[PDB]
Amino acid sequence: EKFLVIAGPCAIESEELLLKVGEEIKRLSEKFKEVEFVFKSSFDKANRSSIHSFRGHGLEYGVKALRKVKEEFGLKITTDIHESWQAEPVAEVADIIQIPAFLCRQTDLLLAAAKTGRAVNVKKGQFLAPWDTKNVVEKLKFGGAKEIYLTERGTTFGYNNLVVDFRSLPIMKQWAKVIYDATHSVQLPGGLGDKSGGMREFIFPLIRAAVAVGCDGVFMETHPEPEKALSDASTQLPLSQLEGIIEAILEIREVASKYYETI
């Protein structure tokens, strides 16, 4: 099956930022033809730790910027929703509607996404056990979703820390396609006080682990200059490093693929 790579800047800092990242993602989609790329960027960071942190320029602006990316580069689009009313307008541009981790159990949000006819990707809550995602998928199927993804993004491990239990990949595979979030899984929740931290040095090794275990795609936030990012400045991957990372996981996926267990 075609491997999915969901990538883009964490937040829609500006339409300009999007086109800059989109251009590179488009270049890679032409090179890695065996990969299905989906451009990701949040029109709103509705769950920042601090009231003073950057949120975004609004739904309207965001959808417009994302539409420009799709129009200019012919790339599929994905963005996350935070309340039920956002599903409809977002569905006009998003090929995949993303459900935030903290909201993976909010029935109406899932239902709103499902009835749009678009694919739905649910970030597994940091509080959820792998087997608890079966009911999440059930809700989505009940709501009409035909293409469902479950994203591993770490689990609460003590305070301000997340651990990735790779046993989750084969477990969740029982009921949906699985995506590994390489950038949020290394973040340190509320690790900086008013903001969350992260350990960039672990992004690559853990993504290698994900493809060796086996998944249907990877999710990576990337920014031309992470240090200047307005969100997840500590975990976004420098855009120049994206190509090498993707080549690496495709290579590891290929050699490991013959050993992937049948669910």
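Position 1 is the first residue in the sequence shown; the rest follow in order.
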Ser196: gap in at least one third of other compared structures: yes
message: If you average the CA temperature factors as listed in the entry, which stretch comes out higher, 188-196 or 72-80?
response: 188-196
- request: May I ask you to compare 211-219 and 59-67 by their mean CA B factor in the entry and name the higher one?
  value: 59-67
message: Please place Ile263 in the lowest, middle or highest third of its chain according to the CA B-factor in the PDB entry.
response: highest
task: Using the B-factors in the PDB entry, rank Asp132's C-alpha atom against the chain and give the third, lowest, middle or highest.
output: middle
query: According to the PDB entry, is the CA B factor of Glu88 in the bottom, middle or top third of its chain, that is, lowest, middle or highest?
result: middle
- prompt: Compared with the other modelled residues in the chain, in which third is the CA B-factor of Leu250?
  reply: lowest
message: Taking only the Cα B-factors deposited for this chain, tell me whether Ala229 sits in the lowest, middle or highest third.
response: highest
